[PDB]
A.B. asks: 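Below is the structure I would like to discuss, written out as structure tokens.
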Amino acid sequence: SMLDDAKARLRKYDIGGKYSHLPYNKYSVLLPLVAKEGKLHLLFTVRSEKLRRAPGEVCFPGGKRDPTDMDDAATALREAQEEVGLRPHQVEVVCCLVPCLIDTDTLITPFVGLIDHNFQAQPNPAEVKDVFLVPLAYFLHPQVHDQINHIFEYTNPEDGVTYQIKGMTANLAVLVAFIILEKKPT
Ligand SMILES: O[C@@H]1C[C@H](c2ccccc2)[C@H]2C[C@@H]3CNC[C@]31N2
């Protein structure tokens, strides 16, 4: 099946806990995979303005580890619940992808999660201004704009609204698309 095929591909790139004990400032992100209309999609947030860290940007759900988190996957799930109301029974964490090093003292750990078909996003307006889906296949042939910095523009065919996706978020989206969609019969 489509979902079993995706999880089996993703498992080959799981690094597990290999890098999780190193002494960094620690953040996790959840890359949430949603099946709709026979295709895979990724779920993105638009961050609120009132936030000190990173206002108005397109990002995956996530944030800073705290002392309650049992492990780095727990951080990602805690933060996804607070931002969009995703509950634990509604997500299966499939793997941990290559972490991202930033600013010399920070390590960001990405987890891929499969999302239950009955989940419906409840944006928390104190953290998130918007929540939207992008088909995974988009990231193999994106609409690119140069700010030189590469920026993707995605227009939702439902309402004509355009979103800009860039930086680590765009890099991780392309990676997940390559892992899941490369070399597939039609
Ligand atoms: O907040 C996250 C994590 C990263 C981060 C960088 C520096 C300090 C803290 C955190 C970057 C890259 C991520 C893209 N979405 C916002 C985002 N900023």
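We count residues from 1, following the sequence as given. Numbering of ligands and ligand atoms starts at 1, following listing order.
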A.B. asks: Scan the protein's non-hydrogen atoms and note whether one is under 4.0 Å from atom 7 (C) of ligand 1.
C.D. replies: yes
A.B. asks: Rounded at 0.5 Å granularity, tell me how far CZ in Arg78 sits from CG in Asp69.
C.D. replies: 4.0 Å
A.B. asks: Quick test: of every protein heavy atom, which one is nearest to atom 13 (C) of ligand 1, and how far off is it to 0.1 Å?
C.D. replies: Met168 CE, 3.6 Å
A.B. asks: What is the nearest protein non-hydrogen atom to atom 18 (N) of ligand 1, stated with its residue, atom name and distance?
C.D. replies: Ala54 CB, 4.9 Å
A.B. asks: State, yes or no, whether a side-chain contact exists between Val131 and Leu43 at a heavy-atom distance under 4.5 Å.
C.D. replies: yes
A.B. asks: Specify side chain, backbone, both or neither for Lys64, according to which of its non-hydrogen atoms lie closer than 4.0 Å to ligand 1.
C.D. replies: neither
A.B. asks: Output yes when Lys129 and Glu49 qualify as a salt bridge under the 4.0 Å nitrogen-oxygen rule, no when they do not.
C.D. replies: yes
A.B. asks: Within 4.0 Å of atom 2 (C) of ligand 1 (strictly less), any protein heavy atom?
C.D. replies: no
A.B. asks: Any donor-acceptor pair under 3.5 Å linking the side-chain atoms of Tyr163 with those of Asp130?
C.D. replies: yes
A.B. asks: Considering only the protein, which heavy-atom contact is closest to atom 16 (C) of ligand 1, and what is its distance?
C.D. replies: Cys59 SG, 3.4 Å
A.B. asks: NZ/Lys26 to CG/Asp72 distance, rounded to the nearest 0.5 angstrom?
C.D. replies: 3.5 Å
A.B. asks: Can you tell me which portion of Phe60 lies within the under-4.0 Å heavy-atom range of ligand 1? Options are side chain, backbone, both, or neither.
C.D. replies: neither
A.B. asks: With rounding to the nearest 0.5 angstrom, report the CG to CG distance, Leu107 to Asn25.
C.D. replies: 10.0 Å
A.B. asks: Check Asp103 against ligand 1 and report side chain, backbone, both or neither, counting heavy atoms closer than 4.0 Å.
C.D. replies: side chain
A.B. asks: Rounded to the nearest 0.5 Å, what separates atom CG in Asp71 from atom CZ in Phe111?
C.D. replies: 6.5 Å
A.B. asks: Mind checking whether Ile102 has a heavy atom under 4.0 Å from ligand 1?
C.D. replies: yes
